[PDB]
Amino acid sequence: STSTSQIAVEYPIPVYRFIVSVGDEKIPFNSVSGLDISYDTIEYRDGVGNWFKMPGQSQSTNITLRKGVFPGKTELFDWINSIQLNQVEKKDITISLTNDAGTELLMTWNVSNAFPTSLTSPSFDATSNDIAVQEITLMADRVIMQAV
Amino acid sequence: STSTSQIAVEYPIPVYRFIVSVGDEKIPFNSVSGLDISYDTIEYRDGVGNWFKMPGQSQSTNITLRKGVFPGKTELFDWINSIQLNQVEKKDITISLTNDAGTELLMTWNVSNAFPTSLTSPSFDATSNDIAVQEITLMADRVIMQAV
Amino acid sequence: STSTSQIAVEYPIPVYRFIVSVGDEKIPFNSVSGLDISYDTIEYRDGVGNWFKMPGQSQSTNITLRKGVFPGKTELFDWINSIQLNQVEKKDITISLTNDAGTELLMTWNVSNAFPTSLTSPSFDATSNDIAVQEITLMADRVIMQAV
Amino acid sequence: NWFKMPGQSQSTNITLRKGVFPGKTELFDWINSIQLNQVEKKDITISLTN
């Protein structure tokens, strides 16, 4: 006999309900991938036997967002088309696990200074029953995870 | 109760209905692959701690078009046969997602200066129930995606 | 209501009916593989921004013909056995998609100066229900595709 | 006491690399015009752009 407010505190969070917000816009995405912290390890070892292991230089964060092609809207493409030589508008991406008809966040990830590389066009295919989907890849720094 | 003009605005576009047009000709293709933007990333990192990430040098676009073998027609082969030393006729390829019996485009991709490398002959096979298909591979620049 | 002479003009060609002819001989083969054109690409790129892509040096053609072992006949082996130091008899191979009981060719590929490397013996196997098959591999130049 | 000073400057040597184009040899015509010690010297500007 678990109460419905006990499940909100004790139970794990399902992945499939999430909100992605790219800058000021919020746009519906099919899937989000990557988005993990990582560290190189520095190892010193000298002759008397002691072995030092340290966290080292952080690694660059690479995120992949996947989204279907909608008939009026290309604002994933216009972001990657605006790249002149090294100047692009970087913007913050927030992923947020929500409840059904999300008025309440459960977890929140924050990405800083994300800019697009490698927008992937759909694979046109005459014998396929799929939607035209696009992956955009983002390079960024500082994934942080926020409670609620 | 979704109206049929609401589906034209809100719903994603299926991949299987598309028009490929190679230069002045338009020819029916079985599948189109590749056709994506990409960028190298330049990373500067100095001693005080700040880490600069930039979009860098663009990558060359490589497209693969697949097409069955028809009895009178070899005009994918005659394009790749006309390569003398470095001189080939480059032409523009446009992919375009359409409706049923296409009188109306929904999305459009444009490829500039595409020229053929690596025409692939069918694999003759006495125990196979397939059509003779051919892949041609194109190297090009500047994929752009146009709305409608 | 498609007429039977309309199918001869409009419909794609199935792969499984083909004639292979090695030199003056014609011999029945189980499958033919490889047999594709390819080109290296030369890329020039200078400082003002323009990027030249060219077709470059052609690649060598490598074909793989597969054939079952018949009790009286080894004339795939006698071709590869005749290799003295660099002297082998090169001969032209033609593949040709035909109709049923072939009196009429639909497509034709032509290979020039093909000579054998790497004849593959069957894998004898006491728990297998297969025919003894052999692959011969051919290195050649100039695949051309002829209409009819 | 040990004195260290900047001294005599060194001569500048630059290497420019360029592909061969079918109509144009004006890198060659510059170096072909060398008679005994007389050559036309000219100013080279490199400029990083957008």
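Residues numbered from 1 in each chain as written, not as in the entry; some residues may be left out. Chains lettered and ligands numbered in written order. Part of a larger assembly, values for the part shown. Heavy atoms only, no water.

- Within the PDB entry, the label attached to chain D reads Pvc1, and the organism entered is Photorhabdus asymbiotica subsp. asymbiotica.
- In the PDB, the structure is listed with the title "Cryo-EM Structure of an Extracellular Contractile Injection System, PVC sheath-tube complex in extended state".

- By the naming in the PDB entry, chain A goes by Pvc1 and is assigned to Photorhabdus asymbiotica subsp. asymbiotica.

**Some thoughts on the overall build of chain A**
At step 1: Looking only at helices and strands, chain A has two helices and nine strands in total.
At step 2: Counted from the first residue to the last, chain A has its helices and strands arranged as α-β-β-β-β-β-α-β-β-β-β.
At step 3: Taken over C-alpha atoms, the radius of gyration comes to 20 Å for chain A, far larger than the 15 Å a tight globule of 148 residues would show.
At step 4: If you take every contact in chain A between residues at least 6 apart in sequence, the share linking residues at least 24 apart comes to 63%.
At step 5: Total accessible area computed for chain A in this model is approximately 9,200 Å², and 50% of it derives from carbon and sulfur atoms.
At step 6: Each charge sign in chain A was given a centre, from 10 positive and 17 negative side chains, and these centres are 1 Å apart. (Helix = DSSP H or I, 4+ residues; strand = E, 2+ residues; numbered from the N terminus. Rg over C-alpha atoms; globule rule 2.2 N^0.38 Å. Contact = heavy atoms within 4.5 Å. Areas by Shrake-Rupley, 256 points an atom, 1.4 Å probe, with all protein chains shown as cover. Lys, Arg positive; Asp, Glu negative; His and termini not counted. Charge placed at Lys NZ, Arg CZ, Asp CG, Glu CD.)

**Considerations on the overall build of chain D**
At step 1: The helix and strand inventory of chain D stands at one helix and zero strands.
At step 2: Rg of the C-alpha trace for chain D: 18 Å, well past the compact-globule value of 10 Å for 50 residues, more than 25% over.
At step 3: In terms of overall dimensions, chain D has C-alpha extents of about 65 × 40 × 15 Å along its principal axes.
At step 4: Among the 50 residues that make up chain D, the fraction classed as buried is 0%.
At step 5: Counting every atom, chain D has about 6,100 Å² of accessible surface; 53% of that belongs to carbon and sulfur. (Buried < 20%, exposed > 50% of the residue type's maximum accessible area, 1.4 Å probe, protein only.)

**Comments concerning the relation of the copies chain B and chain A**
At step 1: Superposing chain B onto chain A takes a rotation of 60 degrees combined with a translation of 0.0 Å along the rotation axis, leaving an RMSD of 0.0 Å. Here the symmetry operator amounts to a six-fold rotation axis. Ranked by how close their C-alpha atoms come to the rotation axis, the residues of chain B are headed by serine 128 of chain B, at 21 Å. (Least-squares fit on C-alpha atoms.)

**Observations concerning unusual backbone geometry**
At step 1: The phi dihedral of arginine 142 of chain A is positive, around 60 degrees, even though this residue is not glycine.
At step 2: Following the sequence through the fold, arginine 142 of chain A ends up in strand β9 (residues 133-147).
At step 3: Among the residues examined, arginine 142 of chain A registers a relative accessible area of 56% and is labelled exposed.
At step 4: Of note, the phi angle at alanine 101 of chain C is positive, near 55 degrees, even though the residue is not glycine.
At step 5: Looking at the element boundaries, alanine 101 of chain C is found in the loop between β6 (91-98) and β7 (105-120).

**Side note on the arrangement of the chains**
At step 1: Spatially, chain A is disjoint from chain C: no contact exists, and the shortest C-alpha separation is 10 Å.
At step 2: Across all C-alpha pairs, the smallest distance from chain B to chain D is 12 Å, and the two are not in contact.

**A short note on the interface of chain B and chain A**
At step 1: Contact with chain B, which involves 37 residues of that partner, is made by 37 residues of chain A.
At step 2: Here chain B and chain A share an interface that buries about 3,200 Å² over both sides, 64% of which is from carbon and sulfur atoms.
At step 3: If you look at where chain B meets chain A, you find zero salt bridges.
At step 4: Mapped onto the side of chain B that touches chain A, the elements with two or more residues apiece are α1 (4-10), β2 (31-34), β3 (39-45), β4 (51-58), β6 (91-98), β7 (105-120) and β9 (133-147) of chain B.
At step 5: With five residues, the single largest contributor to the side of chain B that touches chain A is β4 of chain B. (Buried area = accessible area lost by both parts, 1.4 Å probe. Salt bridge = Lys/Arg side-chain N within 4 Å of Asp/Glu carboxyl O.)

**With respect to the pattern of salt bridges**
Charged atoms that come close allow side chains of opposite charge to pair.
At step 1: This structure, assessed with the given rule, holds 10 salt bridges over all chains.
At step 2: In this structure, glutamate 89 of chain A and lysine 91 of chain A form a salt bridge, with 3.4 Å as the shortest nitrogen-oxygen distance.
At step 3: Here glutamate 89 of chain A falls in the exposed class, since its relative accessible area comes to 51%.
At step 4: The closest approach of N and O atoms between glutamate 135 of chain C and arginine 66 of chain C, which form a salt bridge, is 3.0 Å. Of the two residues, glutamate 135 of chain C sits in strand β8 (residues 133-147) while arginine 66 of chain C sits in strand β5 (residues 61-68), which places them 69 residues apart along the sequence.
At step 5: The exposure class assigned to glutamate 135 of chain C is partly exposed, which follows from its relative accessible area of 25%.

**Here we look at the nonpolar core**
One broad rule of soluble globular proteins: the nonpolar side chains tend to lie buried together.
At step 1: In this structure, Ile95 of chain B together with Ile95 of chain C are the most contacted members of the largest nonpolar core, which totals 93 residues.
At step 2: Considering every element that reaches this core, the biggest residue donor is β9 of chain B, with seven residues.
At step 3: In contact with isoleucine 95 of chain B, not counting residues within four places along its chain, are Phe124 of chain A together with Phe18, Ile19, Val20, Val32, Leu35, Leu65, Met107, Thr108 and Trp109 of chain B. (Core = buried A, V, L, I, M, F, W, Y, C linked by side-chain atoms within 4.5 Å.)

**Remarks on a nonpolar patch on the surface**
Residues and elements named next belong to chain A.
At step 1: Together, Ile42, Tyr44, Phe52 and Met54 make up an exposed nonpolar region whose accessible area comes to about 390 Å².
At step 2: When residues of the nonpolar patch are traced back to their parent elements, those giving at least two are β3 (39-45) and β4 (51-58).
At step 3: For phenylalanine 52, the location among the structural elements is in strand β4.
At step 4: Relative accessible area serves as the criterion here: at 40%, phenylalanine 52 is assigned to the partly exposed category. (Patch = residues over 30% accessible without salt bridge, like charges linked within 9 Å, V, L, I, M, F, W, Y side chains within 5 Å.)

**Quick word on a negative patch on the surface**
All names here are of chain A.
At step 1: Taken together, the side chains of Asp24, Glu25, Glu75 and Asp78 define an acidic patch exposed on the protein surface.
At step 2: Note that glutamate 75 resides in the loop between β5 (61-68) and α2 (77-81).
At step 3: For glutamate 75, a relative accessible area of 35% puts it in the partly exposed group.

**Re the sheet that holds β9 of chain B**
At step 1: Across the sheet, seven strands lie side by side as β8(A)-β2(B)-β5(B)-β9(B)-β7(B)-β6(B)-β1(B); this open sheet has antiparallel pairing. Every interior strand has two partners, whereas the edge strands, β8 (124-125) of chain A together with β1 (18-22) of chain B, have only one.
At step 2: In this structure, strand β5 (residues 61-68) of chain B lies alongside β9 of chain B, joined through eight bridges in antiparallel fashion. Its bridge partner being in β9 of chain B, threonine 61 of chain B is matched across the sheet by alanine 140 of chain B. (Pairing = 2+ DSSP bridges.)

**Details of the packing of aromatic side chains**
At step 1: This model, assessed by the stated rule, comprises nine aromatic pairs over all chains.
At step 2: For the pair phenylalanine 124 of chain A and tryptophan 109 of chain B, a centre-to-centre distance of 4.9 Å together with 65 degrees between the ring planes defines the contact as edge-to-face. Highlighted residues: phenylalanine 124 of chain A in strand β8 and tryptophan 109 of chain B in strand β7, drawn from two different chains. Both residues of the pair, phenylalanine 124 of chain A and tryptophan 109 of chain B, belong to the buried class.
At step 3: The interplanar angle of 70 degrees and the centroid separation of 5.8 Å between the aromatic rings of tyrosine 44 of chain C and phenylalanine 21 of chain D together place this pair among those described as edge-to-face. Pair noted here: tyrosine 44 of chain C is in strand β3 (residues 39-45) and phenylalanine 21 of chain D is in the segment before α1 (28-32), and the two residues belong to different chains.
At step 4: Residue class for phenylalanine 21 of chain D comes out partly exposed when judged on its relative accessible area of 29%.
At step 5: Aromatic rings pair up to connect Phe124 of chain A together with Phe18 and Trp109 of chain B into one cluster.
At step 6: Sitting above the plane of the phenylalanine 29 of chain A ring, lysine 67 of chain A keeps its charged end 5.3 Å from the centroid. (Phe/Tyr/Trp six-rings, centres within 6.5 Å; stacked < 30°, edge-to-face > 60°. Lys NZ or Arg CZ within 6 Å of the ring centre and 35° of its normal.)

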